[PDB]
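Laboratory data are not the source of any read-out in this text; all were calculated from the coordinates shown. Positions of Cβ are backbone-derived with ideal geometry, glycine not excepted, and every protein chain shown enters the neighbour counts.
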Ligand SMILES: Cc1cc(C)c(Nc2ccnc(Nc3ccc(C#N)cc3)n2)c(C)c1
């Protein structure tokens, strides 16, 4: 029940001292249960009767179940943990099954009991002190102290997981085949022996552990494969997500919308193609909760498709370090991009999605990259290497861009996969003014107060125009003036703006943006043959822009 | 090894607790590397394995040192530093010789090996702790902490001074004109004698060190030269300004004069004495763009007036050692990048340009990394302290590869800026 394990020295935060909380009620019956518990506990050495020598008490209690036959002591160390040093965290991040190597047979051993087997640093027992009242009042009650690891102390998961890891070591060496992984109260073992031998070894594992006071059972309660873990369904040869449920409701509220979206991303790791742009576009309102939201048209259509998807079970395969890691990405449409990672052409290893939520003006090629990148980061964590990519873009395209783009990128190994859709530049602005082309001296201001303004142009050829605009911003007109020149210009045009805003946007070479304004513009740019944009200092400067702002 | 000393007390800045930084995921190879390295360090007795009672943590990486065959461990002590050495740039500050930059040539030699002998104050160790990750985080990371002055941590050098200036004094004697500056793990030695003599005074020094114990694991080459005649040798007296100039042209078009009026108007934030009006007034019309046009009254007087004030360095620009250094870097294209190191907008302290060879062998990233590490050293050599880079790269990307071509012993401070429009043009 307790081991000759060396203890981890602990301490209490810098200036702090032991918890001196108390509580002294007395349900005669409970006090018996606890005193009944305490004995079997001190008798087993897990605690020990201590007497007034400054002990710092803590709350005691008793709880009971429905399929009960017993009771349960449940101390509350809340005010103890708030005084203990910090420990090496345990769950940096959870391993992802998409990167788990296949095995023959597995096995999990219940090791919850365990932490009452691992020793507590002598000098820190004096704090685990609690007192259970007797009946009425000549004795404060019976007084104990913890000798192993309290059930709710801060540094217990820690000090356990550590201790365990050291104990496994001999076993782990004398058996490199066997993979051991411990989670919370579980200790999963996985190897390549046929069940028979597997269990030989397992029992050895058990015996080993047993010599160290950490006991375990051979036929307690729960079930085996599938193994329900972290919301995963694990099998000795495949793995899949927790069966999910897309609730059907007559009225949906933020809370339900969230919990709805949440499940969908989670199903995304293996289910191919799940979209989510529409359903979240809604939640874009950040502070309601019981504020019912009208599932719009789009969201609706979307949800359904994920149903069509989900209706079908999909499972994933494991990682063979013997083969390559291939990554293929396809654009779904409105900033939506999907991908599946495999070594084998049929069953996948993992899948996911990437939607440029960031900002509101990005190009199709840039996005392909943000994606390739999102995945590279992913693989490194899961498999420790970069996959080989298969993507819908042709070198000419790509190389062109990374050469034109002001930021540095680094696209690794990649093969072209000719399959619609296709990433490509729909247009390119000219780098030199076009000789002959009419020159439009564009401009357009707006009233920050009245939201009224105008957008015009005045050409070299003497041609003018001024359109009045209601309910807009300067950026909006500074963009409508350009869209104006484009509509009235010919196939080859020269445009001058005193707006770095409109300038840069157009320049980014946006495949799209829902800003219907920029769209009409982007589309004109597509309908043109040759376009040249030109910037110029707004006020101190040219007279053409001013000539349109005196107008404005 | 034998206990060559009796440690020195290191206390973090008050109100400061050790570092708890996250370990970046690593490549399967890089792990094996560290794993190997660390097992030796452990036998040698440099580092020790730690328990759960050590909550702290600092980042680590595996890089290729000067391209050799074996990997080198590079710990990212950037946080422990802020927290310690800032108040150790005080108690034990190492002074920066304002003339090293004037020297004819500067060679740099890795003396990091030195520290691996001076035992570290035991009550400080916990802080140096680092953790080697496991792929797919399946296995609990391995955890170690330093028992000796670790490289990378700016307090290691600051404690070694005593021990260093001793090893050197009987060489700085018979070589009173070469200046030796020690910045962390490197030694910058500068002289004004034909490279042939320098390169010797160097090997002259390199051995002094080696005979007094310090190994200078820098056996660069011999006399069997596959084109790699490289040894770190900088030339600071040639570190001159690159006044970007306006273009001189016979035929000036509307378009052209336009951009020109632009660059100038942007220029005026660094030089307020610039004017355009008369040149610009030659644009007030709404003429075509391809059209060539004529000078004006003092337009030519201005293209020359400014062209002057713009070829002279701006005053009021001084080096505040109370502030930090900010280096901005912009991609110019075709292996060419430009940079600005300052402390306040437009008051540039120094500006250069970098450039790598033609296509088929280099990508941007590798370049940036290089441009960076380059700029940094310049800075160390001129001001004795590394700057903070405003990098024009996607964060994540950078994070993924910056180590792939990172050859330096130290790591600067950086961040990422998606923005520069005119700047590219102006420079
Ligand atoms: C929970 C769980 C159990 C184990 C043994 C591991 N570790 C490893 C290490 C290497 N390969 C595998 N494959 C594997 C794990 C569980 C199952 C099942 N069922 C099948 C294969 N698991 C992890 C990360 C989680």
Check: Rounded to the nearest 500 deg cm²/dmol, what is the calculated helix-only ellipticity per residue at 222 nm for chain B, with -39500 (n - 2.57) per DSSP H run of length n ≥ 4?
Finding: -9000 deg cm²/dmol
Notebook entry, point to check: Where the centre of each part is set by its Cα atoms, how far does the range A:34-50 sit from the range B:171-198, in angstrom?
Noted result: 73 Å
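How compact is the range A:376-473 by the rule of thumb for globular proteins, expressed as Cα Rg over 2.2 N^0.38 Å?
1.82
Can you give the alpha-carbon Rg of the range B:132-267 over 2.2 N^0.38 Å, where N counts its residues? Don't jump to the answer; show the numbers that get you there.
On the way: Rg = 25.1 Å, N = 136, 2.2 N^0.38 = 14.2 Å.
In units of the 2.2 N^0.38 Å rule of thumb, it is 1.76.
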Checklist line | 0 to 90° range, to nearest 10: angle between helix A:474-488 axis and chain A longest Cα axis | finding: 50 degrees
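Taking Rh as the Kirkwood radius computed over C-alpha pairs, what is the Stokes-Einstein D of the range B:186-261 at 25 °C in a medium of viscosity 0.890 mPa s, expressed in µm² per second? Mind showing how you got there, number by number?
Details: Rh = 17.2 Å.
Stokes-Einstein gives a translational diffusion coefficient of 143 µm²/s.
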Note to self: Nearest 10 degrees is fine. How inclined is helix B:364-383 to the longest principal axis of chain B, computing both from alpha carbons?
What the structure shows: 80 degrees
Margin query: Based only on Cα atoms, what mean projected area does the convex hull of the range B:234-319 have, in nm²?
Written below: 7.5 nm²
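Based on the Cβ-Cβ distance of residue A:17 and residue B:67, what FRET efficiency does E = 1/(1 + (r/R0)^6) give at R0 = 41 Å, to the nearest 0.05?
My answer for the efficiency is 0.15.
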Next item on the list: Please compute the Cα-Cα pair-distance distribution of the range B:320-426 with 5 Å bins starting at 0, giving whole percents from short to long.
Entry: 2, 12, 24, 26, 20, 12, 4, 1, 0
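In µm²/s, what is D for the range A:320-426 at 10 °C and 1.306 mPa s, where D = kT/(6 pi eta Rh) by Stokes-Einstein and Rh is the Kirkwood radius from Cα pairs?
Values: Rh = 14.4 Å.
For these conditions, the coefficient is 110 µm²/s.
What number do you get for the range A:427-552 when its Cα radius of gyration is normalised by 2.2 N^0.38 Å, N = residues? Walk me through the numbers on the way to the answer.
On the way: Rg = 13.4 Å, N = 126, 2.2 N^0.38 = 13.8 Å.
After normalising by residue count via 2.2 N^0.38 Å, the value is 0.97.
Per the Kirkwood formula on distinct C-alpha pairs, the Rh of the range B:55-96 is how many angstrom?
Numbers: mean 1/r = 0.0800 Å⁻¹.
The answer is 12.5 Å.
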Check: When the scattering of the protein assembly as shown is computed by the Debye formula from its Cα atoms alone, each counted once and equally, what is log10 I(q)/I(0) at q = 0.04, 0.06, 0.08 Å⁻¹?
Finding: -0.28, -0.63, -1.06
Item checked: Cα-based Rg and Dmax for the range B:265-361, where Dmax is the largest Cα-Cα distance (Å) -> 18.3, 52
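Sorted from fewest to most neighbouring beta carbons within 10 Å, what does the list B:221, B:208, A:221 look like?
Values: B:221 11, B:208 17, A:221 6.
So the ranking, lowest neighbour count to highest, is A:221, B:221, B:208.
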Next item on the list: Based on other C-beta atoms within 10 Å, arrange B:200, A:131, A:290, B:107 from fewest to most.
Entry: A:290, B:200, A:131, B:107
Next item on the list: Post the alpha-carbon centroid distance, the range B:229-252 to the range A:280-348, in whole angstrom.
Entry: 53 Å
Next item on the list: Using just the helices of chain A, give the 222 nm mean residue ellipticity in deg cm²/dmol: DSSP H runs with n ≥ 4 each add -39,500 (n - 2.57), and the total is spread over all residues, rounded to 500.
Entry: -9000 deg cm²/dmol
Check: For the range B:14-59, what's the radius of gyration and Dmax over Cα atoms, in angstrom?
Finding: 13.3, 40
Margin query: Per q in 0.23, 0.24, 0.28 Å⁻¹, report the Debye log10 I(q)/I(0) for the range A:10-69, using one uniform scatterer on each alpha carbon and no solvent.
Written below: -1.17, -1.21, -1.28
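Which order results if A:442, A:241 are arranged by neighbouring Cβ count within 10 Å, fewest first?
Values: A:442 29, A:241 21.
Lowest count first: A:241, A:442.
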Next item on the list: Measure out, as a whole number of angstrom, how far apart the alpha-carbon centroids of the range A:146-183 and the range A:357-405 sit.
Entry: 41 Å
Note to self: In Å, what Kirkwood hydrodynamic radius results for chain A from the alpha-carbon pair distances?
What the structure shows: 30.0 Å
Item checked: Efficiency of FRET from Cβ geometry, residue B:199 and residue A:300, R₀ 60 Å, rounded to 0.05 -> 0.20
Next item on the list: Could you tell me what percent of the DSSP beta bridges with both partners in chain A are antiparallel, to the nearest 5?
Entry: 75 percent
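Using just the alpha carbons, could you tell me how many Å³ per residue the convex hull of the range A:245-291 encloses?
Working: hull volume 3.7 nm³, N = 47.
It is 78 Å³ per residue.
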Check: Relative to the longest principal Cα axis of chain B, at what angle does helix B:195-211 sit, 0 to 90 degrees, rounded to 10?
Finding: 20 degrees
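Where Rh is the Kirkwood radius over the Cα pairs of the range A:226-319, the temperature 10 °C and the viscosity 1.306 mPa s, what D in µm²/s does Stokes-Einstein return? Let's see the in-between values first.
Values: Rh = 14.4 Å.
Answer from the Stokes-Einstein relation: 110 µm²/s.
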Check: If r is the Cβ-Cβ distance from residue A:199 to residue A:173 and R0 is 25 Å, what FRET efficiency results, to the nearest 0.05?
Finding: 0.75
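Could you calculate, for chain B, the ratio of the Cα radius of gyration to the Kirkwood radius, expressed as Rg to Rh?
Values: Rg = 25.5 Å, Rh = 24.6 Å.
A ratio of 1.04.
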Item checked: Whole-percent pair-distance distribution, where bins are 10 Å wide, for the alpha carbons of the range A:72-197 -> 10, 32, 28, 17, 9, 3, 1
